[PDB]
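Let's start with one chain on its own, the form deposited in one PDB entry, as structure tokens.
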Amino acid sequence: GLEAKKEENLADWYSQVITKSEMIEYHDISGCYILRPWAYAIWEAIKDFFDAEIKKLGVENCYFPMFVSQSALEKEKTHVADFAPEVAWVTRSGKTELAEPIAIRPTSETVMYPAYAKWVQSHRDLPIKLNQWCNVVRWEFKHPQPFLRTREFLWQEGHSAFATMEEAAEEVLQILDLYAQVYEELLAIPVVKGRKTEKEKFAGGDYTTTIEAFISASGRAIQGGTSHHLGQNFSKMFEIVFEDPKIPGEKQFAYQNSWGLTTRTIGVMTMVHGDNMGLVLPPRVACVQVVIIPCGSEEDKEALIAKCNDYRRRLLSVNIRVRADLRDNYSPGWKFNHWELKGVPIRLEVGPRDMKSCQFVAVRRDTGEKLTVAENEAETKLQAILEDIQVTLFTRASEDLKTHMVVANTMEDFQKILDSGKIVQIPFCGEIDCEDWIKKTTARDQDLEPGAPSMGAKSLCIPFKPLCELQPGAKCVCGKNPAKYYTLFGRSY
């Protein structure tokens, strides 16, 4: 059984849950983790939903090399200056030096965009809308944490190039909403949509959009997905130019977006919904939504496992994902425990009394509530229960966010509420340095709550729909500049 407790040692509870649920195995190279089938299946459920959605938008899947030349890596100065200290460099094969060191992709702008420059020669050659599912490497020497901050991670990155800013601007928001659907409709996690501040925005892009999620267990917020408008900052460096019908002789730079989402998702799903029995899966991504365990003679034993398989096939035929744990090797209760740790939404108990009274027992994982269900009603009732679990999870999580995201209009209120464990929308002047000073003084003036994290606030996002509307001539919390917008600040992952 799981014995670590979430409300105490969050990090050890995280370790124990992600290992005992068999989602994650440790590797002998720090910051790289083994994604076992139980986690990978969640990634695939995401993969399937998102791939369908971007296909409806004209995006096509492809695969670009993992290595980058130095010369191409340094064409956009802002971008490479941001990523350079964390780029893994391959320098030899065997004992033989390469001709020239090659970089492993931290992100694939500099891999893809020379190809885009090749493929664009006329207005009719745009848009280009490419996506790939691949790994990238970002070799930070800070302490890694499974799913959340790792040095190799699986992700998808989409890269689109348009002839007009309007097309591009349209796609940035479409994609961001899709990410919000991934979080809220699949992982049952509510998120805040907004723009990044100048400080936090993607180096080399015009503006970045983001969804933020709140982990109430640590009081911290984490960026769940991101979608950037790069504008013409990359096309002018890689010469992605077309020559217009309307505009003779004048080279036109493509307008570009890139957008990304990673297995960080799974980590967030653990931190929000997980409890002290283990993992809790939302039904829409759970590898197995219903697990059938036989409970409690010889003819009776064979007929019992046949009834379990009856339920298995019945559920299979209604697109409920289902496993029959029919091993002679472990108790009923050990299976209860194993599948509770793995977070299966419904446990299906079938014992001979229930088997001959034509019924069964359904145990919900989120609440623990046990129901007796008539055999006849399985396909119906379990579907309903599955549906109700998903809603329940989302509802609980949303009630958390709403109670932890409040407004403060002065620095002192912001400080007190932020040390209270919440994330705060404050009037903000926008300037990078203001954000630095915010970070510095919220760390300096922090009144430490028991077990609370000791760090400064960062900006999370500028919400599209702020809680309040910035009253006219409001100063920023810095006092000295007029506020430009309400910004969501908090302590971050």
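Just count from 1 along the sequence shown to find any residue number. Under this definition, the rigid core comprises the largest set of C-alpha atoms superposing within 1.5 Å between the forms.
- Notably, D445 is an intermittent gap: at least a third of the other compared entries of this protein, restricted to those modelling both its neighbours, have no coordinates for it.
- Modelling of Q70 is complete across the other compared entries in which both of its neighbours are modelled; not even a third of them leave it out.
- Deposited sequence between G296 and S297: 4 to 9 residues lack coordinates.
- Comparing 323-331 with 221-229, the stretch with the higher mean C-alpha B-factor in the PDB entry is 323-331.
- Per-stretch averaging of Cα B factors for 372-380 and 388-396 places 372-380 on top.
- For the set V90, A169, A99, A254, the maximum C-alpha B-factor listed in the entry falls on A99.
- Looking at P352, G267, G194, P114, the one whose CA carries the top B-factor in the deposited record is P352.
- Per-chain ranking of the deposited C-alpha B factor places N481 in the middle third.
- Sorting the modelled residues of the chain by their CA temperature factor places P85 in the middle third.
- Remark: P283 belongs to the lowest third of its chain, ranked by C-alpha B-factor as recorded.
- The entry lists a Cα temperature factor for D48 that places it in the lowest third of the chain's modelled residues.
- Compared with the other modelled residues of the chain, the Cα B-factor recorded for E60 ranks in the lowest third.
Note that the form deposited in another entry isn't included here; everything after this is about it.
- Superposed on the core, the two forms barely differ at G368: its CA moves less than 2 Å between the shown form and the other one.
- Relative to the superposed rigid core, the position of the CA of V391 differs between the shown form and the other one by less than 2 Å.
- Once the rigid core is overlaid between the shown form and the other one, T403 does not reach a Cα shift of 2 Å, moving by less than that.
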